[PDB]
Number of protein chains: 4
Amino acid sequence: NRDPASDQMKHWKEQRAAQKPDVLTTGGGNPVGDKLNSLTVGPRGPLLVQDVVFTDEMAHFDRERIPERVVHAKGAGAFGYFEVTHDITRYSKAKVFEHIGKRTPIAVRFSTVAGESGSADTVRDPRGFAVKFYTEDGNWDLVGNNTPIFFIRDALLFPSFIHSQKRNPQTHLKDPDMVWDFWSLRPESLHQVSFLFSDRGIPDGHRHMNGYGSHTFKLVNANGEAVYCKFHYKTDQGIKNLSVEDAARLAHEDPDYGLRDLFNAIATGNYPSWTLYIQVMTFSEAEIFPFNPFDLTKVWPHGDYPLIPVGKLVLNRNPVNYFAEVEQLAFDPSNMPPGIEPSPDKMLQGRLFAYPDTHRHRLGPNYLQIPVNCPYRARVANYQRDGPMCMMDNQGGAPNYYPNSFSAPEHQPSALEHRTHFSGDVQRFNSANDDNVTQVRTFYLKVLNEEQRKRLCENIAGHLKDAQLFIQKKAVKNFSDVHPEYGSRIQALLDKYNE
Amino acid sequence: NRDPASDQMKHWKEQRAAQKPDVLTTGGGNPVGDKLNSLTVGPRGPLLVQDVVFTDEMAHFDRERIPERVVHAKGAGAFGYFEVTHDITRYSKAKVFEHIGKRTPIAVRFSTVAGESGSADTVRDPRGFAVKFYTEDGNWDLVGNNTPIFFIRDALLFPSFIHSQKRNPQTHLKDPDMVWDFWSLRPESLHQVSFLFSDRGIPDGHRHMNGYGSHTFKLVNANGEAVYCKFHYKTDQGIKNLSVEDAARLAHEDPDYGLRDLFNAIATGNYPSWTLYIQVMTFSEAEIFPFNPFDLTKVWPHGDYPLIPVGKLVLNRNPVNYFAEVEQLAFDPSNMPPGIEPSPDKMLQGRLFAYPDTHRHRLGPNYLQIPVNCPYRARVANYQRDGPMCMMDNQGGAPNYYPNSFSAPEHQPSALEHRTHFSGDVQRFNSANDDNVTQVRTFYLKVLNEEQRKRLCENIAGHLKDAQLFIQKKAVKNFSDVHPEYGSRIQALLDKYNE
Amino acid sequence: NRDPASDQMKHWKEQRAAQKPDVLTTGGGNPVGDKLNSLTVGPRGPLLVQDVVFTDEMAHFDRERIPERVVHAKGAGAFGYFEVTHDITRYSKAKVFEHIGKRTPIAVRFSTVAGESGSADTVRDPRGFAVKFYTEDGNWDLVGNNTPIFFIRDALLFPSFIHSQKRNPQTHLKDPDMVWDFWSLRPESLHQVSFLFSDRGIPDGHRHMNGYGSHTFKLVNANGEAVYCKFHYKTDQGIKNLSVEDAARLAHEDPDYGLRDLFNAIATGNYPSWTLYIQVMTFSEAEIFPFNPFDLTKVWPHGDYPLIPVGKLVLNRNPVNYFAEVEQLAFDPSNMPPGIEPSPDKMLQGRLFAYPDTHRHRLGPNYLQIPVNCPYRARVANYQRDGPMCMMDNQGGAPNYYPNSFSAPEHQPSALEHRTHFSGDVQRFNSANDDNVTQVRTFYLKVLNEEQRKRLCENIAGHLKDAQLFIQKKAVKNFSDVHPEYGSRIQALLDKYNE
Amino acid sequence: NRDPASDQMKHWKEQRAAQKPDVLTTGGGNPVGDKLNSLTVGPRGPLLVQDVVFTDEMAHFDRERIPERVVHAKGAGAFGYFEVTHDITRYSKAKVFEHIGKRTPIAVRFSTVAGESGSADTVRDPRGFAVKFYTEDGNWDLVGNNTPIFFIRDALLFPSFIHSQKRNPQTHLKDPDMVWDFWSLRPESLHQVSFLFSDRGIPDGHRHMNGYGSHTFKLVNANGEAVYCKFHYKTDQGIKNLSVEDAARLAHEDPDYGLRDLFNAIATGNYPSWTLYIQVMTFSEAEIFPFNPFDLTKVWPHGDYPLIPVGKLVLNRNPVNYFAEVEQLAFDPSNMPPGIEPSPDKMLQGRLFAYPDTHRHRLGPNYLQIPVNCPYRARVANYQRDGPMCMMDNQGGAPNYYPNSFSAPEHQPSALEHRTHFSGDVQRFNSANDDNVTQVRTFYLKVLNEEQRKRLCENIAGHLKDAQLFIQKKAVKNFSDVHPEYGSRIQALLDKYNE
Ligand SMILES: NC(=O)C1=CN([C@@H]2O[C@H](COP(=O)(O)OP(=O)(O)OC[C@H]3O[C@@H](n4cnc5c(N)ncnc54)[C@H](OP(=O)(O)O)[C@@H]3O)[C@@H](O)[C@H]2O)C=CC1
């Protein structure tokens, strides 16, 4: 006998054993007499149109697929709960944090960044870590990564970056020349690249990695006072990674190493959990902060800004039907309950538009009416009507315009957002030449040891070696801007691999 | 105090008087603070992206519309029940007819044919009459008209025929020459054209007309014995028409005369009723029938085949939301429960493919999971999976392939189809030159009185005058082929209209 | 012998007499043997799946329809050129205004607001007047109306306003309680309501009405200096209106009166033309303006701001296919060539988002590659790829990421936008009670004569008649704020309409 | 200096050196001023909506993906020509076979079956070999595999087979119980399974395998005489296979081994080619044939029916843009030019519906107007109009109905199909118990040698060992029904693999 993943159908049969099998019907609910044989004229004659059983099944098979996620396609899923363990009501007035002990249902999806639906799991890439909270004040979507930082700091570059990471427009192959030519021309990627090419680029499953909000957010309390914050949900199972040697073996042996691994864990009772922290910065402290506090390529050092604990995330349930429950998941950074708000972070600004837009394409205009996406612990009432695939009462015979004298839904004045003062020329400001190396230098010298740095340069050199010599020499000097020995250690490796 | 239609919002406020208004939220359930004023920089400044209240409200408004029905676009809807009053179980084994007294829920839609969503109700056109029966053996959809016959008798001419009835491909106008250029080249339409331009072309609302299944269908009883049948469903309110004089006046004064009429009736307790009847033809009678028993341009005379009563359809409930309940209604002739089966009628065979096809475009692949389209009085179980906008559990983790050794749904042998024998060359057989005049001649001479024949020709000449003269005299020729006196009473008038 | 429109088919045959008719083919180009008869087993036997001729045609008929426009569904189109008559290079650097004599191809669409694809033309409602310019600096879309003003001055009320102008969500009938409940609660609409119920509410065709850009826009010259402006294109054919008597007869007699007229004009050589003017306001003149200069409910008086002529608009070409060239037209206010830019107008800012979004839904993601929508007078080169229905080379094997060291397209610094300084709070400012009556007080007393004031109230009283007494008393009070005698007239008519 | 594929961008810039790079523009053709920095209020302020450069780009990045193919999603592409070398005009009157030396433009797509977009190329599975011929009488799609047979022989079992080959609906993992439970319950798969698990399961790229039409097809010559046939493509590069050991290594070392191998071949001039053969069987010989001649699980032995040469397929051009030219390719078996027609093959009859159906969803209703899908060597003229994304003149102001008196396209009587007559009860005939063993026993004993049979069982036993014991015993028994030793060899390995 085998692992719980392999016995899915086995267990389905026994969990039903007492009952008789159900009647096999068409999509209109009409029972079928034969579904192994086609309706023809004579044993060796042509098929008939009158066979509406054949058409109904085949027509639905033809439309099984939907457009896959533009990024983060390869994914695993689970469900669970969030429990508050410490009081942070002085910072936020959000209902999700109201009192210690309070539980709220969650949903989580894991993913890579570049690989398609059929791609391998154990490859060097950032990891997706999206969490949906089902609160009474509507859903809260915290769409984070396994890294506190990202490769760029302007939303106009995101389409570009992605194109550089995927397949050549002509040959449809992954192209090292595309990969590093973007990175070498944009040194602000030197922070996140350094993260990606040492040990934590390939995590040993999804349960042995941390998760970060990365972006700075705003918190607002009852008194109407505001602060900025970071989110860090760290693993209780502890950080554990794969070696380059055997992570490559799993790519062919078991492409879904993580997918299987997550499912197996929950089914055998070992429910994975994470501990949620925040960091806090006042508007005054934002004014004296050395770098831009909304530069996504920057962290807040722990010395200057310690972690404040909030609660635990626990996943304790596997999905029943993957497509209906994990593939149709939609997370929107714009989904924020009263008390939590976005900062002027340029990269976060761009995510407010981009996500709701693509969902309307990928899933459909009424994608928020799908069960897993629905805000089922809140009362949705508005003046929105109609759209393709409307599934509920459509809010009945209620008036559909505002304002009105007929007692349709009303505003809630308390739920107004925070007021900030801004001024300056409305202009495209140059952020390409913000500090690209300081926090990177710190990472290299202070955080890594002598062999981790040695392994770090091997992993880069093993990937950069395929680019053109002008790209190589351009990238090396970018690495030299962090540390002379760092650039030179990479360069020593490249010189022999170029024969 | 005004008519019940107009006092919809007045009544909605009364039903809610005790309650206080709901919290206005986004689609993702977050309450909005202010939804009358925009988020800007300064009192006379620009708009921000950080306003997600605006973006998601506007984006949903953008996508309100779905493609209208390709035909029968303008529509009215109601709900009620089907009640069995007589026993016809010797003919059929369908659960909808299992015993006297039994009630079944129904859904009805009334419509014109050509006009678009904004067209007038009171125009000369056929009238759609669709009934959906929610049986325990799945949904049964009886999709009929207010005429026992149609304009053509082969499926390949349908798209063509429709185009001719709609708008010119360059000018986007109604074009008389198109209409009659088609009708004169296909003389089989004489029968349905003669019906259309009589008094019953323009009925006084939807409650004052009969319904007809038109097609020949098959009935099967428990023993496996089969008969052919027509469905005749007559009004209890009695036939009542509008003159062309007041029909033209109502066209501008009230574009939705029928729509209001139906709603007002149901709201005031004035429930509309029609009786269902059948005509039966044995397989033996079919072979000796002087005409083609499956010709959609032919009727079965009452003398040789009297009417057998079955039951009552009553409408007693108005829709709560028009879009969700009436505009998303789907009817499929292919939805046929055991006991009811198709005949070889050329036209009906085409409609098995067409309707499931078009609905997957208009509404979506998973359109059958829409409440009003859902078979809620049956259990759907099969091996169909995924597709955009999947709305239930997706049948859980149940095995998705057949056959299987894991007790997934099984076929029911009881539900096999009636087996018939056939012979002939597989080829395209010409139906142009079946008898096109005889049944028309009796209608003119035997059924109509002297005054009705006069108006019939006035109405044609009043419409045919707008075509070219070479088209006119070819159409006139067809009218003489029915009867010499018929043809030239029309011809005498056209020559008047030609100055 | 009849109008040129009705003789569309007649001409087509004459234009092709010398040629032989084409071979009738499937969509895939395969020649059809017979397309009047279905492939069946024996003369009275069932249809075959093997009939691939049938399916191909039948399936495309099923998907003929696309979602109609959410607003301004009923439309008419034409084509022509714009020609410059005076030099205003001192105000704008846009190449469309480079020198006197320069022509640019245009595309125009006329439309109503509320009516659907099948509605009447001769009805009281605003009239759309969108113009597309095909410049070398990309497409410019000026999407204006036949009025200088609108009903509301914040885009958050637009979805709500439209709902009130359309059909009730339950009854699917037009309801005057919805109309006047909205209008009476929002007295800022007093100005545009006065315009609509005046003589110019029902224009005599599309050739006898003015057109306005309505919004304040920003012009920029070669030195970098900027000014604000309004766009007026006044009729050369003259203003002419229809009586309430004449408009109502036409509603049923000719629903497409506007579509027929415009087509007949161009076809017969009688080409309609407009003269394009602008108003100019400096940044200085903007600060001292008594009202808000970007308020869409406000006009700029001609005495203080005279009209400066630019050029002529001529329509000289009918569309070849309505659907391909007029119904698939898409206009984006966001389409602005260097030299023309948006003001901070609250209503205009919303339209920058709304239009490109809705077109991706209505038509598709690649709606800009449809021939009539394409910028064919510019060379399109960027880092955008793929999408459903990709129609060109897809920009070949060019690098798809930016920046790059492989000489893909570069940004043009000349096309940088004008930099403005703003300051103030970031919140939602209340704009509901800016001066709503003064300019309306001017319209009533100064522009109209005593006879036109009499008819104005009559048109108002005849439609306000249908509302509830409490909505009536609210509306009259709002009108009384404009002028006491104006308010007292309307109610004086209502006391006679209430028996 | 590297391989040609990786130097694609390098070559692209060299091909342009003389030219200056283009100006980077929006989709509307408007030049952009900067596309590296956003439009904000101050250096650390919020984003504005009036920035339409961001939205236009971001909204198109959001819609880049379309649904992948329901099967055969992973792909590679190339183009070339078909050249006739022998005369087969006595069998077919098709223009593609008119005379020796005749060229036709072709398009070819290679693929696996089960794997999604991102999966590895070198895996055990059937391989797709679709060819699209661009003829004068429309496009011919000969959609074939690398195997003469298939796993099933009824069109109602196809969805079920596919579901069993792909991912479990709960765990989203590949499931051996799903795979073999099916195969064991349908013993007809014994023939194709035996092929799959042999050497020719894993081909050494796409250049070293044969391709087969599998289905029996109909050929009709100029006289109207008819015969049945098979299509065979044999490689001119020779059959060549990978060991499972090397195919596993490449799975992680090179996920796109096949795709690049093809591209590198063409680019270096080394063009791949295949030789087209046919088998022929007269109406006389078909009735005396030992098995069913339209059984997709059966071959025609070469002893009785030898190969007849036709021509050569040559690939000498790579795609320029993969997505526009390979991802949007659509092959329809229903696309057949006069002279080629379907047999009554139950499976082929079903493929006549499925492929046009799925494309309407995947790509869109007008998917044939896409360049690569378009029949650009024939003239498409018909009475099909409108539909989403209409891209040409839409056939102008031509009459849109048939028949008509206005010289619109006419049927071509010469292109009527061959007429056969069939008889027998119209009923659902059981196909489960046709001979499942004879031809398999042949393949095992005659074609394989000692060493290949030895590996065949090893390759089977290596996969079947992961299924349950009740399934193993059921599968082995089906292998025993082929040959005692064949069953016995498998069970000998299973006993060791079961510890
Ligand atoms: N301050 C921050 O929020 C983070 C900082 N860093 C890096 O550390 C530097 C110093 O930060 P500071 O807070 O002042 O000092 P600390 O020494 O307190 O920061 C240590 C942090 O480094 C993380 N870390 C350790 N090894 C790796 C690795 N191989 N890849 C990625 N992260 C790793 C640890 O994660 P864990 O706690 O799980 O052991 C821990 O959060 C920064 O310049 C930055 O580059 C890294 C992560 C976050």
# chains A, B, ... in the order shown; residues from 1 in each chain; ligands from 1

call {"tool": "residues_near_ligand", "arguments": {"ligand": "ligand 1", "cutoff": "7 Å", "atoms": "only C-alpha atoms and all ligand atoms", "output": "ChimeraX atom specification"}}
result
/A:148,195,198-200,210,234,239,299-303,439-440,442-443,447-448

call {"tool": "write_last_selection", "arguments": {"atoms": "N, CA, C and O atoms", "output": "compact mmCIF listing (two decimals), in the first residue's frame"}}
result
# COMPACT_ATOMS: atom_id res chain seq x y z
N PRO A 148 11.45 39.14 0.80
CA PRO A 148 10.97 40.47 1.19
C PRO A 148 11.11 41.57 0.12
O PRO A 148 10.57 42.66 0.30
N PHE A 195 19.55 37.07 -3.56
CA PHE A 195 18.72 36.16 -2.79
C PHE A 195 18.51 34.86 -3.55
O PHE A 195 18.60 33.78 -2.96
N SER A 198 21.56 31.92 -4.07
CA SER A 198 22.05 31.15 -2.94
C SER A 198 20.91 30.29 -2.37
O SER A 198 19.82 30.27 -2.93
N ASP A 199 21.18 29.63 -1.24
CA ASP A 199 20.50 28.39 -0.87
C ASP A 199 18.98 28.48 -1.03
O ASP A 199 18.38 27.51 -1.48
N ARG A 200 18.37 29.63 -0.68
CA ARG A 200 16.92 29.72 -0.53
C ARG A 200 16.20 29.96 -1.86
O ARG A 200 15.01 30.28 -1.87
N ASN A 210 9.67 30.90 4.39
CA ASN A 210 8.97 32.03 4.98
C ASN A 210 8.11 32.70 3.92
O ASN A 210 8.19 32.35 2.74
N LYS A 234 6.52 33.77 9.11
CA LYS A 234 7.67 32.88 9.10
C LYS A 234 7.26 31.46 9.48
O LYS A 234 6.34 31.25 10.27
N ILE A 239 13.37 26.67 8.07
CA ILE A 239 13.91 26.77 6.72
C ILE A 239 14.72 25.50 6.41
O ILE A 239 15.56 25.09 7.20
N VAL A 299 14.81 46.57 2.34
CA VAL A 299 14.24 46.00 3.55
C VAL A 299 14.34 47.03 4.67
O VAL A 299 15.09 48.00 4.57
N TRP A 300 13.56 46.82 5.75
CA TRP A 300 13.78 47.52 7.00
C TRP A 300 14.66 46.65 7.90
O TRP A 300 14.24 45.57 8.28
N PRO A 301 15.90 47.06 8.24
CA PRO A 301 16.78 46.25 9.08
C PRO A 301 16.16 45.97 10.45
O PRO A 301 15.48 46.83 11.02
N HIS A 302 16.40 44.76 10.97
CA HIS A 302 15.77 44.27 12.19
C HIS A 302 16.24 45.09 13.39
O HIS A 302 15.47 45.30 14.33
N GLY A 303 17.50 45.54 13.36
CA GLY A 303 18.06 46.37 14.41
C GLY A 303 17.25 47.65 14.61
O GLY A 303 16.95 48.03 15.74
N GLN A 439 22.51 47.78 0.78
CA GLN A 439 21.86 46.70 1.49
C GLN A 439 22.31 45.35 0.94
O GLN A 439 22.23 44.34 1.64
N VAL A 440 22.78 45.34 -0.31
CA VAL A 440 23.29 44.14 -0.95
C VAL A 440 24.65 43.80 -0.35
O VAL A 440 24.91 42.65 0.03
N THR A 442 25.69 44.54 2.52
CA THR A 442 25.44 44.06 3.87
C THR A 442 25.09 42.58 3.83
O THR A 442 25.60 41.81 4.63
N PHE A 443 24.21 42.20 2.89
CA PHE A 443 23.81 40.81 2.76
C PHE A 443 25.03 39.92 2.49
O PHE A 443 25.17 38.86 3.10
N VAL A 447 25.78 38.47 6.33
CA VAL A 447 24.78 37.43 6.53
C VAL A 447 25.29 36.06 6.07
O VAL A 447 25.06 35.07 6.75
N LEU A 448 25.95 36.00 4.91
CA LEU A 448 26.45 34.73 4.39
C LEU A 448 27.80 34.41 5.04
O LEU A 448 28.51 35.32 5.49

call {"tool": "residues_around", "arguments": {"residues": "residue 297 of chain A", "least_positions_apart": "4", "cutoff": "10 Å", "atoms": "only C-alpha atoms", "output": "list in words"}}
result
residues 148, 149, 150, 151, 152, 153, 188, 189, 190, 191, 192, 214, 215, 292, 293, 434, 435, 436, 439 and 440 of chain A

call {"tool": "write_last_selection", "arguments": {"atoms": "N, CA and C atoms", "output": "tab-separated table (two decimals), in the first residue's frame"}}
result
chain	number	residue	atom	x	y	z
A	148	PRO	N	11.45	39.14	0.80
A	148	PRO	CA	10.97	40.47	1.19
A	148	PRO	C	11.11	41.57	0.12
A	149	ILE	N	11.81	41.27	-0.98
A	149	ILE	CA	12.14	42.26	-2.00
A	149	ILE	C	11.80	41.71	-3.38
A	150	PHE	N	11.93	42.56	-4.41
A	150	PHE	CA	11.71	42.17	-5.80
A	150	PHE	C	12.80	42.75	-6.71
A	151	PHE	N	12.75	42.40	-8.00
A	151	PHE	CA	13.82	42.69	-8.95
A	151	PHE	C	13.76	44.15	-9.42
A	152	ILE	N	12.59	44.80	-9.36
A	152	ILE	CA	12.41	46.14	-9.91
A	152	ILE	C	11.66	47.01	-8.91
A	153	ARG	N	11.54	48.32	-9.22
A	153	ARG	CA	10.81	49.26	-8.37
A	153	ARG	C	9.94	50.22	-9.19
A	188	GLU	N	19.25	47.53	-10.24
A	188	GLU	CA	18.37	47.48	-9.07
A	188	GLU	C	17.87	46.06	-8.82
A	189	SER	N	18.17	45.15	-9.76
A	189	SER	CA	17.87	43.74	-9.61
A	189	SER	C	18.95	43.01	-8.81
A	190	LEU	N	20.06	43.69	-8.50
A	190	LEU	CA	21.19	43.07	-7.83
A	190	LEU	C	20.83	42.59	-6.42
A	191	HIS	N	19.83	43.21	-5.79
A	191	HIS	CA	19.40	42.79	-4.46
A	191	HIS	C	18.74	41.41	-4.55
A	192	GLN	N	17.64	41.31	-5.32
A	192	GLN	CA	16.81	40.11	-5.34
A	192	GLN	C	17.53	38.95	-6.01
A	214	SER	N	6.37	42.06	1.58
A	214	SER	CA	7.34	42.80	0.80
A	214	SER	C	6.98	44.29	0.76
A	215	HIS	N	5.84	44.62	0.14
A	215	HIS	CA	5.36	46.00	0.06
A	215	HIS	C	5.12	46.58	1.44
A	292	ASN	N	14.51	55.34	0.35
A	292	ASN	CA	13.08	55.47	0.15
A	292	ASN	C	12.39	54.34	0.90
A	293	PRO	N	11.48	54.63	1.86
A	293	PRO	CA	10.77	53.57	2.59
A	293	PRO	C	9.74	52.80	1.78
A	434	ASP	N	18.62	55.16	-7.61
A	434	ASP	CA	18.61	55.03	-6.16
A	434	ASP	C	19.69	54.03	-5.77
A	435	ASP	N	20.01	53.96	-4.47
A	435	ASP	CA	21.12	53.16	-3.98
A	435	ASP	C	20.85	51.68	-4.27
A	436	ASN	N	21.75	51.07	-5.05
A	436	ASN	CA	21.53	49.72	-5.57
A	436	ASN	C	22.37	48.68	-4.83
A	439	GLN	N	22.51	47.78	0.78
A	439	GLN	CA	21.86	46.70	1.49
A	439	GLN	C	22.31	45.35	0.94
A	440	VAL	N	22.78	45.34	-0.31
A	440	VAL	CA	23.29	44.14	-0.95
A	440	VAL	C	24.65	43.80	-0.35

call {"tool": "residues_around", "arguments": {"residues": "residue 80 of chain D", "least_positions_apart": "3", "cutoff": "7 Å", "atoms": "only C-alpha atoms", "output": "PyMOL selection string"}}
result
chain D and resi 105-107+314-317

call {"tool": "residues_around", "arguments": {"residues": "residue 228 of chain B", "least_positions_apart": "3", "cutoff": "8 Å", "atoms": "only C-alpha atoms", "output": "VMD selection string"}}
result
chain B and resid 216 to 219 280 to 283 343

call {"tool": "select_by_dssp", "arguments": {"residues": "segment 153-333 of chain C", "states": "strand (DSSP E)", "output": "PyMOL selection string"}}
result
chain C and resi 211-212+217-220+226-235+273-281+308-317

call {"tool": "closest_residue", "arguments": {"among": "C:145, C:119, C:171, C:400", "to": "residue 8 of chain B", "atoms": "only C-alpha atoms"}}
result
C:171

call {"tool": "select_by_dssp", "arguments": {"residues": "segment 322-489 of chain B", "states": "helix (DSSP H, G or I)", "output": "PyMOL selection string"}}
result
chain B and resi 322-327+346-362+367-369+371-373+413-415+438-447+450-464+469-482+484-489

call {"tool": "write_last_selection", "arguments": {"atoms": "C-alpha atoms", "output": "tab-separated table (two decimals), in the first residue's frame"}}
result
chain	number	residue	atom	x	y	z
B	322	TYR	CA	-35.53	40.05	-15.41
B	323	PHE	CA	-31.89	39.49	-16.39
B	324	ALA	CA	-31.09	36.55	-14.10
B	325	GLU	CA	-34.41	34.77	-14.66
B	326	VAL	CA	-35.64	35.67	-18.18
B	327	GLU	CA	-32.73	36.98	-20.29
B	346	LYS	CA	-35.28	17.50	-41.36
B	347	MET	CA	-35.73	20.84	-39.57
B	348	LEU	CA	-36.05	19.36	-36.05
B	349	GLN	CA	-32.86	17.32	-36.58
B	350	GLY	CA	-30.97	20.59	-37.14
B	351	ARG	CA	-32.29	22.13	-33.90
B	352	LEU	CA	-30.69	19.32	-31.84
B	353	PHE	CA	-27.25	20.74	-32.74
B	354	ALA	CA	-28.01	24.47	-32.94
B	355	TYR	CA	-29.43	25.34	-29.52
B	356	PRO	CA	-26.80	23.72	-27.22
B	357	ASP	CA	-24.19	25.23	-29.57
B	358	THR	CA	-25.42	28.85	-29.43
B	359	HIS	CA	-25.98	28.84	-25.66
B	360	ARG	CA	-22.31	27.89	-25.05
B	361	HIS	CA	-21.45	31.10	-26.91
B	362	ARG	CA	-24.12	33.47	-25.59
B	367	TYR	CA	-24.54	27.77	-18.81
B	368	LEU	CA	-26.63	24.83	-17.55
B	369	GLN	CA	-25.49	25.57	-13.96
B	371	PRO	CA	-30.31	28.63	-11.54
B	372	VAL	CA	-33.15	29.11	-14.05
B	373	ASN	CA	-31.35	26.73	-16.46
B	413	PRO	CA	-30.64	0.27	-19.47
B	414	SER	CA	-34.28	1.39	-19.09
B	415	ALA	CA	-33.35	4.67	-20.82
B	438	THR	CA	-52.99	22.16	-51.55
B	439	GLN	CA	-53.16	22.76	-47.78
B	440	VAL	CA	-52.89	26.50	-48.43
B	441	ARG	CA	-55.87	26.44	-50.84
B	442	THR	CA	-58.20	24.98	-48.18
B	443	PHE	CA	-57.21	27.66	-45.64
B	444	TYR	CA	-58.09	30.43	-48.11
B	445	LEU	CA	-61.30	28.84	-49.44
B	446	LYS	CA	-62.69	26.79	-46.54
B	447	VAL	CA	-61.36	28.36	-43.29
B	450	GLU	CA	-64.99	36.65	-47.53
B	451	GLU	CA	-63.88	39.68	-45.45
B	452	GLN	CA	-60.79	37.98	-44.00
B	453	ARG	CA	-59.59	37.00	-47.50
B	454	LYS	CA	-59.89	40.64	-48.57
B	455	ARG	CA	-57.74	41.92	-45.67
B	456	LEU	CA	-55.22	39.08	-46.16
B	457	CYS	CA	-54.45	40.39	-49.66
B	458	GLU	CA	-54.49	44.07	-48.60
B	459	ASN	CA	-51.86	43.40	-45.92
B	460	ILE	CA	-49.61	41.56	-48.40
B	461	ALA	CA	-49.97	44.22	-51.12
B	462	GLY	CA	-49.35	46.88	-48.45
B	463	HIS	CA	-45.94	45.25	-47.84
B	464	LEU	CA	-45.06	43.72	-51.24
B	469	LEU	CA	-41.43	44.88	-60.15
B	470	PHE	CA	-39.64	41.70	-61.36
B	471	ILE	CA	-39.87	40.32	-57.82
B	472	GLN	CA	-43.53	41.36	-57.49
B	473	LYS	CA	-44.88	39.51	-60.54
B	474	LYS	CA	-42.96	36.34	-59.53
B	475	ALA	CA	-44.51	36.42	-56.04
B	476	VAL	CA	-47.93	37.14	-57.56
B	477	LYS	CA	-47.40	34.05	-59.76
B	478	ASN	CA	-47.01	31.90	-56.62
B	479	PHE	CA	-50.23	33.34	-55.16
B	480	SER	CA	-52.15	32.39	-58.31
B	481	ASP	CA	-50.75	28.83	-58.04
B	482	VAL	CA	-52.79	28.62	-54.83
B	484	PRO	CA	-56.47	32.46	-59.47
B	485	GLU	CA	-58.76	34.82	-57.51
B	486	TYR	CA	-56.29	35.07	-54.60
B	487	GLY	CA	-53.38	36.04	-56.88
B	488	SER	CA	-55.03	38.86	-58.84
B	489	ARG	CA	-56.91	40.51	-55.95

call {"tool": "interface_residues", "arguments": {"of": "chain C", "to": "chain A", "cutoff": "7 Å", "atoms": "only C-alpha atoms", "output": "VMD selection string"}}
result
chain C and resid 47 to 49 160 to 161 163 to 164 169 to 170 181 to 182 397 400 to 404 419 to 427

call {"tool": "atom_distance", "arguments": {"atom1": "atom CA of residue 242 of chain D", "atom2": "atom CA of residue 245 of chain A"}}
result
23.5 Å

call {"tool": "atom_distance", "arguments": {"atom1": "atom CA of residue 109 of chain D", "atom2": "atom CA of residue 77 of chain D"}}
result
4.7 Å
